[PDB]
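Given as structure tokens, the chain that follows is alone and in the form deposited in one PDB entry.
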């Protein structure tokens, strides 16, 4: 008066054939998981690299912003002191030099912009990986649990280790 219905087949060969099918299916799903888990870890490493690369873009731009602040403060008296004693050359060279600096910042901002687009795109991937791993787990776990039930069923029935191995490996 004790019950637990689990195994579908009911003979030592038919069960062992099903054990060979379930084991193969387990190992193939494990390879699917492990293969994605490399993508997850690699993508995680890559995403962090992109994140510090953005902090690098910030800290560079920040240096250019400091340069502009200085340019403006520093240049005031020189442009005015060269206006009197009419050196209009030196004023225009300074401002063009400054316009060249401002122009360079906009390239670095564009370069930062592109890397932010990559990290956005790769964040979408990271989640897509993690979503796919979580749809594989229940199958992978069911296949582990089934496999083990068939092994146990055959071990109870008294099947020798030699016969168990040739079904597994």
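Positions refer to the first chain, counted from 1. If you superpose the two forms and keep the largest set of C-alpha atoms that fall within 1.5 Å, you have the rigid core.
Checked against the other entries of this protein, residue 4 counts as unresolved in at least one third of those spanning it. Sorting the modelled residues of the chain by their CA temperature factor places residue 11 in the highest third. When the CA B factors of the chain's modelled residues are split into thirds, the value for residue 157 lands in the middle one.
From this point on, the text means the form deposited in another entry, which you will not see here.
Core-superposed comparison between this form and the one not shown: CA of residue 84 displaced by 2 Å or more.
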